[PDB]
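Contents: one structure, followed by commentary.
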Ligand SMILES: *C1O[C@H](CO)[C@@H](O)[C@H](O)[C@H]1O
Ligand SMILES: *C1O[C@H](CO)[C@@H](O)[C@H](O)[C@H]1O
Ligand SMILES: *[C@@H]1O[C@H](CO)[C@@H](O)[C@H](O)[C@H]1O
Ligand SMILES: *[C@@H]1O[C@H](CO)[C@@H](O)[C@H](O)[C@H]1O
Ligand SMILES: *[C@@H]1O[C@H](CO)[C@@H](O)[C@H](O)[C@H]1O
Ligand SMILES: *[C@@H]1O[C@H](CO)[C@@H](O)[C@H](O)[C@H]1O
Ligand SMILES: *[C@@H]1O[C@H](CO)[C@@H](O)[C@H](O)[C@H]1O
Ligand SMILES: *[C@@H]1O[C@H](CO)[C@@H](O)[C@H](O)[C@H]1O
Ligand SMILES: *[C@@H]1O[C@H](CO)[C@@H](O)[C@H](O)[C@H]1O
Ligand SMILES: *[C@@H]1O[C@H](CO)[C@@H](O)[C@H](O)[C@H]1O
Ligand SMILES: *[C@@H]1O[C@H](CO)[C@@H](O)[C@H](O)[C@H]1O
Ligand SMILES: *[C@@H]1O[C@H](CO)[C@@H](O)[C@H](O)[C@H]1O
Ligand SMILES: *[C@@H]1O[C@H](CO)[C@@H](O)[C@H](O)[C@H]1O
Ligand SMILES: *[C@@H]1O[C@H](CO)[C@@H](O)[C@H](O)[C@H]1O
Ligand SMILES: *[C@@H]1O[C@H](CO)[C@@H](O)[C@H](O)[C@H]1O
Ligand SMILES: *[C@@H]1O[C@H](CO)[C@@H](O)[C@H](O)[C@H]1O
Ligand SMILES: *[C@@H]1O[C@H](CO)[C@@H](O)[C@H](O)[C@H]1O
Ligand SMILES: *[C@@H]1O[C@H](CO)[C@@H](O)[C@H](O)[C@H]1O
Ligand SMILES: *[C@@H]1O[C@H](CO)[C@@H](O)[C@H](O)[C@H]1O
Ligand SMILES: *[C@@H]1O[C@H](CO)[C@@H](O)[C@H](O)[C@H]1O
Ligand SMILES: *[C@@H]1O[C@H](CO)[C@@H](O)[C@H](O)[C@H]1O
Ligand SMILES: *[C@@H]1O[C@H](CO)[C@@H](O)[C@H](O)[C@H]1O
Ligand SMILES: *[C@@H]1O[C@H](CO)[C@@H](O)[C@H](O)[C@H]1O
Ligand SMILES: *[C@@H]1O[C@H](CO)[C@@H](O)[C@H](O)[C@H]1O
Ligand SMILES: *[C@@H]1O[C@H](CO)[C@@H](O)[C@H](O)[C@H]1O
Ligand SMILES: *[C@@H]1O[C@H](CO)[C@@H](O)[C@H](O)[C@H]1O
Ligand SMILES: *[C@@H]1O[C@H](CO)[C@@H](O)[C@H](O)[C@H]1O
Ligand SMILES: *[C@@H]1O[C@H](CO)[C@@H](O)[C@H](O)[C@H]1O
Ligand SMILES: *[C@@H]1O[C@H](CO)[C@@H](O)[C@H](O)[C@H]1O
Ligand SMILES: *[C@@H]1O[C@H](CO)[C@@H](O)[C@H](O)[C@H]1O
Ligand SMILES: *[C@@H]1O[C@H](CO)[C@@H](O)[C@H](O)[C@H]1O
Ligand SMILES: *[C@@H]1O[C@H](CO)[C@@H](O)[C@H](O)[C@H]1O
Ligand SMILES: *[C@@H]1O[C@H](CO)[C@@H](O)[C@H](O)[C@H]1O
Ligand SMILES: *[C@@H]1O[C@H](CO)[C@@H](O)[C@H](O)[C@H]1O
Ligand SMILES: *[C@@H]1O[C@H](CO)[C@@H](O)[C@H](O)[C@H]1O
Ligand SMILES: *[C@@H]1O[C@H](CO)[C@@H](O)[C@H](O)[C@H]1O
Ligand SMILES: *[C@@H]1O[C@H](CO)[C@@H](O)[C@H](O)[C@H]1O
Ligand SMILES: *[C@@H]1O[C@H](CO)[C@@H](O)[C@H](O)[C@H]1O
Ligand SMILES: *[C@@H]1O[C@H](CO)[C@@H](O)[C@H](O)[C@H]1O
């Protein structure tokens, strides 16, 4: 199962709500997790099971999607939310990852 | 819950390594410790999985043979061996505790650099 | 190497061989074989291989010596293997067991039961023996793994795909097998220090996992401890995919991840039961699935009513713990229940979301028969379907502000202190409720009274504000077992919030919305009653605003002293406002403070009070609506009323106001209506000190069955701008059917005024007292009586009609039309007075009565009395007609009057007529006809002044008995200078014809006296008479 995500890099404003999308090459039954890797840190889990957020993650992050088309909506993006986000599937053996998307300050 | 990792290593071509990822604050034998390779230009790729209790493993097909995963349940630490490392195998290797949903609590990663 | 030693076959058939130091082979011939061993050890690298005739064949290995069974190598079989060691069993790291089924047990089994396929394991263990699985135990699909011991511990991996895994600590375990698989397991009997612990991975996809620990003691010790992963994915088995059973003692502690998800179908069922169930911070019981969620029960079934789940005494779910039964793609959310009998501590997250592409939200219950602490997060929203429901259920619920309640979970909390409650009362965080309303989840809160002698009663008290600033339409229902005291507002700044503050079906409490606790729904409905259940829950609202926006408001309740009581300054805004209630002694609806009820469409007030009033409005009540309806009943009191010495009742209905009840006593009111109507059915109605103006018709109906008057108007101003004012009073006792008093003005200039009064017995019909000013296009008074009068105007009245005035009635013993006071009846066109009597007079004008009209018609009948009577020695009657005046009846007596007319004529048919002490001047003719059938005179003139300015004077008397046909006396002047005076007198028997007595001056152009007699004198001149004519004078008769 191949995973593709986009945009590869987004130029966003502070306070803006943005969307990151991810598409699977095969139907993944919601077993799509999202990771957040702050620059200089290891990736952390934000949303698990397509829509369920991990504890410690602010309510501004909201996952969505089904079938093969998933996205992550970030409301009122703050300074601490910049960095690289990844999507990964656990519906396939290679727990493949997307290529990552970076958020940079506009 | 904490997953500290050994530090980085500098290796000569053809050498093998065995890394480290201490597991604490949770039942070590009840979660899978998954090893993921991070490289510039590639992002993240799954490497493999070990269930420390029973020792059952699962590997990425591209990493079969080269990598072996194991664990010491008494010491609550996770080991990974990488054979015949080359220049193109330099990467940050992360260990993470994976429950049925999401590889949570990632460790900091070990930087493995291979050069003459 | 180390292989089992001392093997001896004791039942069944099979051989034991060791072809290599590292390999042992056990070859089975029989269907069931049992062998004893001195020790059953397997060293590292060694294999013990069974060779059985079928996958359903069973080999039993009973250890009869040595110590614990050290299994470290591989054990393989193509059939089932039962290993029994009273010293416990240890499976080390790297070990593997692969059979068609495998049972490990420290409990012995008899050879007779095993050989006869009766798989009962009980007793015979060494105290403290344990089975510890650190390796990988797997079976072929459809197989089973059962570990039976005082202590069971799983540190490795257990896999029984398509079959069953049972980890249990009990005195006896019975396995019911059928055709190679496991059908059922009966686990029974408490043991000392029972413990079942799962640290590794247990997976039974498309099968079942049972974890049972039955302890004898363990007051607060852990008996079931799951810290690893339990997997049982697949179809929704109705018996449970994952079943945890903590028995009747100790605490169940889950820190791992229970799962029963179905990626393509419906999620499974996870049942966690025990005495004390603790869900730790990292737990995540998940029973989700593709086409819809499953079910998760912790401590009990829905509301604890499911007989197949043991109810917990205490359930604690710590912050961080997550239970998810949400749908993941398309389908409805599932069911999640946290139930306890004594204490529930809920701080975690429970999801039951609908699928993103379709399906309704699920349902989550978080409740305790005792102390429920509900502070955590629940989410049962849907992206496309209906909102789900978060259900709370506890003895007495109090809503508090925030989460700062000194909660115990992870800080200053030694293990197991969370089961010792200190937070008395079922405190509920207002933040959690507000977050549920904003996220599309409905909230239902129930309570329930407990046994006599305790304090908790179901009293839901709101001590924190609830708001709904965002999200889709949701409902909020608070149905108390006790009281619904609301001490804070419930508001919504977005979406529709449906508020239902009902009582319990059998509740016997009260609903109070005290201290400024205004309820606003932003378009949702406000319901504070029931509907049809006769639930005696009263409502008391003090200083509260109920603002439904474009929704409806419906309040109901029944009590003893009051039904729905309003005090303070209340406001109600809605599309529809319906207030319904009942009482027995007091007022069913009792508005005592200031209240503004502003409906866009309808306002309905309904109630009933056996001994009190139905609707009682005494304070400053202002009601604005398109339609206002006031209906109620009372046996001893009032139905409706607006009485209050300081308050004013203001009603404003743009289309119609209708009021109904046994007695309606309107007062100090200001009522504006389109079509206003009253209908009083038992004790009449009263309008006092009010102003009533309607655009269209006003219909005031009332019936009185007692002393009170039917339609009683006192100091009232009733006007119809474009319609008519109609009143219809009925009296069945001795009250007045219609009664007017004080300063009453009736104005129907664009319509009609019709007053009807139907009395009975001595009761009169329509009485006009005081000062009554009536103005209309058409004025009509109709009435009936038996012993009383039909129409009786005794005070001062003015009637101004732009066309006609009609007075009609019938009175058996009284007068039909009776005018004894002072009145000015002014009509532009005609005035007609018609009525009937038997013993009394038809028309009796006694006071100062002036009738001015174009035409005046007086008619009636009286069997024994007068038909037309205009007589009084004190008052004067004045008539002023432009055109013809006709007075017809049995007897007409006119005295002390001044009549101006165009034409004038009398027609007496029974007893003649008399004119005395009056002045009668006509422009045209004064034709006076009268027939008498008694001794009375026909046409009798006494001191009459009769003048015709441009016309003639004609009289025609007939005497059929012995009375005088025509008779003049007193000072009579007849002036007909422009016409003729013709007198006719036809008598019979001894009667005379035309008798001239006194002094009669007849002035005319021509005078003629014609008459006939038999034995009497046809013409008899006895007094002074002068006949002055300019042409001829004719006297003839016989
Ligand atoms: C109206 O009726 C009352 C008694 O019914 C009588 O007293 C008044 O004279 C009459 O006008
Ligand atoms: C008597 O009636 C006439 C008209 O009918 C009116 O002009 C006089 O004022 C009133 O007395
Ligand atoms: C099992 O229960 C014990 C209580 O002693 C707890 O410490 C472990 O974390 C859990 O696995
Ligand atoms: C269930 O799994 C999620 C994701 O790994 C974790 O964050 C929760 O704490 C656990 O209960
Ligand atoms: C409900 O919505 C609120 C927004 O106020 C969010 O804070 C909570 O996390 C969610 O449950
Ligand atoms: C609810 O409040 C009543 C008094 O109204 C009290 O008697 C009960 O004990 C309580 O539950
Ligand atoms: C609810 O909580 C409040 C605190 O605001 C307390 O004053 C009331 O007594 C209780 O009912
Ligand atoms: C109840 O909770 C709300 C949060 O919505 C807070 O605003 C009120 O102050 C408290 O009473
Ligand atoms: C929510 O409220 C609506 C009416 O507003 C009712 O139809 C639904 O049954 C209840 O859930
Ligand atoms: C409701 O209030 C009544 C008193 O009106 C009390 O007796 C009950 O205990 C409570 O539920
Ligand atoms: C309702 O609760 C309030 C606290 O807000 C308390 O002060 C009142 O006494 C009770 O009626
Ligand atoms: C309150 O809501 C219930 C349903 O829970 C309905 O039956 C009653 O009619 C309403 O008052
Ligand atoms: C509701 O009714 C109860 C008795 O039924 C009375 O005590 C309360 O005063 C009234 O609000
Ligand atoms: C609700 O409305 C009341 C007036 O009834 C006001 O006093 C409170 O401040 C508001 O919450
Ligand atoms: C009640 O709420 C409505 C919302 O339409 C607002 O128009 C009124 O002003 C407020 O009283
Ligand atoms: C309305 O408010 C007043 C004080 O303003 C209080 O006396 C009444 O009890 C309450 O209904
Ligand atoms: C009042 O009730 C009527 C039913 O007759 C409904 O149509 C209106 O919408 C509500 O305001
Ligand atoms: C109606 O309610 C009031 C409260 O002001 C009480 O005084 C009356 O007794 C009851 O009929
Ligand atoms: C107002 O009330 C009437 C009955 O008079 C009903 O027909 C309409 O539906 C409601 O709006
Ligand atoms: C309860 O309420 C209804 C509606 O007014 C009334 O008809 C019944 O008599 C009373 O019991
Ligand atoms: C209605 O208004 C009057 C005077 O404005 C006041 O006396 C009453 O107390 C109030 O209900
Ligand atoms: C209530 O009012 C509406 C419009 O104002 C009318 O259509 C209904 O007939 C009346 O009941
Ligand atoms: C009745 O209500 C209306 C509101 O439209 C007001 O204009 C009139 O003054 C009142 O009689
Ligand atoms: C209220 O009553 C009147 C009576 O005329 C009717 O016309 C309206 O249609 C009804 O709403
Ligand atoms: C009186 O009743 C009529 C119907 O006849 C209605 O149209 C007007 O609105 C109300 O004043
Ligand atoms: C009074 O009310 C009744 C129904 O009880 C109706 O029949 C009559 O027409 C109205 O006057
Ligand atoms: C109307 O008002 C008067 C005082 O003007 C009072 O005496 C009556 O009782 C009431 O009907
Ligand atoms: C007659 O006068 C009284 C007292 O001024 C007034 O209240 C009534 O409205 C009016 O009919
Ligand atoms: C008024 O009421 C009477 C009964 O008193 C009935 O006969 C008439 O038909 C109605 O107009
Ligand atoms: C009553 O008056 C009207 C004019 O308003 C006339 O049309 C009817 O003939 C009369 O009965
Ligand atoms: C009085 O009685 C008469 C019969 O003479 C009837 O026609 C009227 O309707 C009632 O008021
Ligand atoms: C008719 O009027 C007389 C006075 O003439 C009064 O006494 C009777 O009571 C009433 O019926
Ligand atoms: C009043 O009655 C008379 C008698 O016929 C008629 O001529 C007038 O037209 C009517 O107004
Ligand atoms: C009564 O008076 C009316 C007034 O128009 C006249 O039309 C009739 O001829 C007379 O009988
Ligand atoms: C007419 O009315 C008078 C009252 O003044 C009465 O005395 C006569 O008996 C009756 O005919
Ligand atoms: C009164 O009656 C006469 C005929 O006697 C007629 O000519 C007039 O028109 C009417 O007022
Ligand atoms: C009285 O009657 C005459 C006919 O005799 C008629 O011409 C006049 O108009 C009416 O006043
Ligand atoms: C007098 O009244 C009679 C009826 O009895 C009528 O026939 C004559 O025409 C009228 O003069
Ligand atoms: C008596 O005389 C009148 C004329 O005055 C005539 O109309 C009646 O017909 C006759 O009986």
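Residue numbers (the working numbering), protein chains in the order written: chain E, 182 to 287; chain V, 29 to 144; chain A, 375 to 1412.
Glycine included, each C-beta is placed from N, C-alpha and C at the ideal position.
query, result
"Taking 7 Å as the cut-off, is the CB of residue 1130 of chain A close to at least one heavy atom of ligand 29?", "yes"
"Does the count of Cβ pairs from the stretch 134-143 of chain V and the stretch 395-402 of chain A closer than 8 Å reach three?", "no"
"Under the DSSP definition of a beta bridge, which residues are partnered with residue 1435 of chain A?", "The question about residue 1435 of chain A has no answer here: the residues shown for chain A are numbered 375 through 1412."
"Classify residue 1292 of chain A as helix, strand or coil using the three-state DSSP reduction.", "coil"
"When the Cα of residue 884 of chain A is compared with those of A:925, A:731, A:900 and A:911, which residue comes out closest?", "A:911"
"Who's in the neighbourhood of ligand 30, going by beta-carbon under 7 Å from any heavy atom, listed in chain order?", "A:1126, A:1151, A:1152, A:1176, A:1177 and A:1178"
"Quick check on residue 676 of chain A: does DSSP put it in helix, strand or coil?", "helix"
"How big is the Cα-Cα spacing for residue 1214 of chain A and residue 1236 of chain A?", "7 Å"
"Mind the definition here: the stretch 229-244 of chain E touches the stretch 276-285 of chain E only if three or more C-beta pairs lie below 8 Å; say whether that holds.", "no"
"Can you list, in chain order, the stretches of the beta strand (DSSP E) that have 3 or more residues and sit fully within the stretch 903-954 of chain A?", "912-916, 919-921, 926-932 and 936-941"
"Give me the chain A residues within the contact set of residue 194 of chain E, using Cβ-Cβ distance strictly less than 7 Å, ordered along the chain.", "Correct list: empty, because the minimum Cβ distance to chain A is about 23 Å."
"Measuring alpha carbon to alpha carbon, tell me which of A:1208, A:894 and A:879 ends up nearest residue 904 of chain A.", "A:879"
"Is residue 605 of chain A close to chain E? Criterion is C-beta to C-beta, closer than 8 Å.", "no"
"Quick one: grab the DSSP three-state call for residue 1343 of chain A.", "strand"
"Give me the pocket residues for ligand 22, defined as CB within less than 5 Å of any heavy atom, sorted by chain position.", "A:1000, A:1001 and A:1029"
"I need the straight-line Cα distance from residue 107 of chain V to residue 95 of chain V, nearest angstrom please.", "11 Å"
"Could you name the residues of chain A that residue 31 of chain V contacts, counting a contact when the two beta carbons are closer than 8 Å?", "Those within 8 Å of residue 31 of chain V in chain A number zero; the least Cβ separation is about 14 Å."
"Between which two residues does the alpha helix (DSSP H) carrying residue 807 of chain A extend?", "804-812"
"Please check if any C-beta of chain V sits within less than 8 Å of the C-beta of residue 242 of chain E.", "no"
"Taking only the alpha-carbon atoms, compute the straight-line gap between residue 723 of chain A and residue 387 of chain A and give it to the nearest angstrom.", "57 Å"
"Roughly how many angstroms separate the alpha carbons of residue 775 of chain A and residue 954 of chain A, rounded to a whole number?", "33 Å"
"Which residues in the same chain have their Cβ closer than 6 Å to the Cβ of residue 626 of chain A, if we skip the five residues on either side of it in sequence?", "598, 620, 648 and 651"
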